[PDB]
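A short write-up of the structure that comes next.
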Amino acid sequence: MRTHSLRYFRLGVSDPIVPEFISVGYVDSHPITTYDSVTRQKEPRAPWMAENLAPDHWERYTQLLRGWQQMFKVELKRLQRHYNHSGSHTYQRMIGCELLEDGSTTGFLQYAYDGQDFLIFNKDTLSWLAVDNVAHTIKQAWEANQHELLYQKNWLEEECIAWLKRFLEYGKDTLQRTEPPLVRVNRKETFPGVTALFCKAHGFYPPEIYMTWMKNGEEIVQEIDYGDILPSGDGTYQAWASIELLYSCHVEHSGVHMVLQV
Amino acid sequence: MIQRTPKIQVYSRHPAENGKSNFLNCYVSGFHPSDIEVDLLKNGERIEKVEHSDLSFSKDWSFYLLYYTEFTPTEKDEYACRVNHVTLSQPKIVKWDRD
Amino acid sequence: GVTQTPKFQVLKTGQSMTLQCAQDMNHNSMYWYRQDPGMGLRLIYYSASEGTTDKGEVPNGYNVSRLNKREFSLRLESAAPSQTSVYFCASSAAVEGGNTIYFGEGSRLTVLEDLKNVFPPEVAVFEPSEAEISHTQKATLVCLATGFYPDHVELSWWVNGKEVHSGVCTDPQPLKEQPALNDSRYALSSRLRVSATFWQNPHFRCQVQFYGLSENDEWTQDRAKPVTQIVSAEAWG
Amino acid sequence: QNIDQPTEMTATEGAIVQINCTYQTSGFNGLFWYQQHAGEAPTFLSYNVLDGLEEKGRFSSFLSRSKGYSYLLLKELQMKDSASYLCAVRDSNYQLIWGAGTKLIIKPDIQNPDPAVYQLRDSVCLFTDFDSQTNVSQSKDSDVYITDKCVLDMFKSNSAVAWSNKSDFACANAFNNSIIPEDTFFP
Ligand SMILES: [Cl-]
């Protein structure tokens, strides 16, 4: 199995134009759950989530999300008071875990104020890393509750991973599939005497792809331009890499290596 | 407070060929705050049958969205993506490079 | 902490009842539980935060109102004899892991088909045995609270007008005077042991608080209305 | 989903008791221990979510997540420790599942036993000053009432009360359904 991850995001907006609160869950790049302050309901985002979780899951987490929504509103008000900020500001949260290919795990829990790092949980020392003195004030208050830190460590290391394993089974046909890339090299004289080489890949799943340009099989070419890995809209992805010009494009995707000699 | 302007990428689902049915994507990303307006245009006019993903969350606290529509590229048709955000003083029209 | 009312209540089948609960801890989550013999606390309804409530395990026959952040009331629409139980209101800072649950004092509710079997106790004090005094140089007073119904009583010992706890022991549960009957009345005993030198000085009072009927309760029987009352029995040294 | 703890446990004053709690849940988000005195509200004792033993005075709470097991250990047992002990586990959906509870009974250490059946007057029969090993059986006769043994602390002693308004009732025969000490004093 490849590396997989589970994560839950929260967005809180003060004085919005836009919901006051949104929560979205993901398995890798796939949305799995959604909640907002308008619907006040937690709903599946993936048919394999809807098909496999009974209504009591959605009923229970809707109640929790309504409480988390209220807690987010109060916490953003306290942050604004600490910073002496008026107007519309954002509060964000990300919690999740990763199950690596080798069986080892990672877990993370972070907060952001106005889209910047604010508090970073360290589950190995059971402490919060504060970026400034407002975050330090919150860190001191939160660390006073040792039970909650321990609870968060247990959730990140044990509960999150068990949810991830459960969801990966539910979404097996989507998440554990391989759609190999369609790769081509395009050559063109651009500015006189200048040749541009593009290595373009599309139709692949998962989105994680490695592409590079090599010279005489050995050295990586200096000054490679990389294209972002973009969703094609049909569940597959596209990307590219280019160079100015014996050159070859090297592509690695889900245990398969590919060379396109120019 | 740091506001991040959206990255706007317009591209087709498959390699484009004039006359062959395709999908035109507009991927809008790396923006903060979340309020954003996106429209796909055909020769300056808004396309009505336009699908889009829900607002999405990146680990770097910015947001992303995918707007797409079914289309048949032609030599004469000009496609674009029109985006508005608080970081923009006016909507930004990003033309499709025709692949 | 958590304040809930009333401590005791007798209801007739079909009557309405509201249980009040408040907490001054600025807690988001509130709960209503019922405690029944031989089973774990069962959640009736909960309120994860102000502005939301949801069904627990046993919601049928009840409804709740999260009035504000402080208050969460429990309503019995049409009381049934199966709703005879001990009700506990509870609160915690959040429903998530770690957050300590704080319970209210508890509400003992008895639902009856009719109020005709409701009786206050008969209270009698039994003076120490002269054989016990001479054998141990100790003296045990026994107090019996008999024929009460429902089992809504609090027994205490008063020596020279002051409540005592040392040398006192009361049965934790009443016994059934008619074990085979569905509406058996009850009996409770308590003992107060003092030195023989203390019993020989010439007051001891066994006091029983009974929680029965309220002023608003309709009563049409020839016997006195079995209202909430204190029944006591005395002995001098 | 199940939470299992013994119904009742009996130990002696000054000794140690270990109250076990096993849970079978889909997930795990912590385990609570509460103390509940008879006719009182439950009060918090401990919360465990990671592996290990946590000591708080005479009480310790252990947790093994892999074994799905916890124990509440009470040391240097006192009469005031007679109460029900409730364990509760928070499952994967943060639902708190409560155990039926363990009633803990503390047997007092009776230094000078002096078993006797006495007659009191306003009649009542008092079985008292027997050792904690003695058990009091309930009445076979419907119009004869026998209470369970009760411990009072002035010196600590056990006692049970028997009463009736039946003509045939005598203190000599009041506790005939119980196994009483051979040396019981019948004045
Ligand atoms: Cl933010």
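To find a chain, count down the sequence lines: A is the first, B the second, and so on, and within it residues start at 1. Values below: every heavy atom of this structure, side chains too, minus hydrogens, waters and symmetry copies.
Between A/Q63 and C/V95 there is no side-chain heavy-atom pair separated by less than 4.5 Å. Between A/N145 and C/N99 the shortest side-chain heavy-atom distance falls below 4.5 Å.
Of the atoms belonging to C/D54, heavy atoms from both backbone and side chain fall under 4.5 Å from chain A. With a 4.5 Å cut-off on non-hydrogen atoms, A/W155 does not touch chain C at all. With a 4.5 angstrom heavy-atom cutoff, C/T53 touches chain A only via backbone atoms. Using a 4.5 Å cut-off between heavy atoms, A/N154 makes no contact with chain C at all.
The environment of A/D124 atom CG is dense: over 12 non-hydrogen atoms of other residues, nucleotides or ligands sit within 6.0 angstrom. The environment of CG in A/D102 is crowded: more than 12 heavy-atom neighbours from other residues, nucleotides or ligands sit within 6.0 Å. C/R42 CZ: more than 12 foreign heavy atoms inside a 6.0 Å radius.
Ranked by heavy-atom pairs shorter than 4.5 Å toward chain C, the options A/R40, A/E59, A/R66, A/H147 are led by A/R66. The candidate with the highest count of non-hydrogen atom pairs below 4.5 Å against chain A, out of C/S49, C/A48, C/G97, is C/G97.
The line from CD of A/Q152 to CD of C/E96 is 7.0 Å long, rounded to the nearest 0.5 Å.
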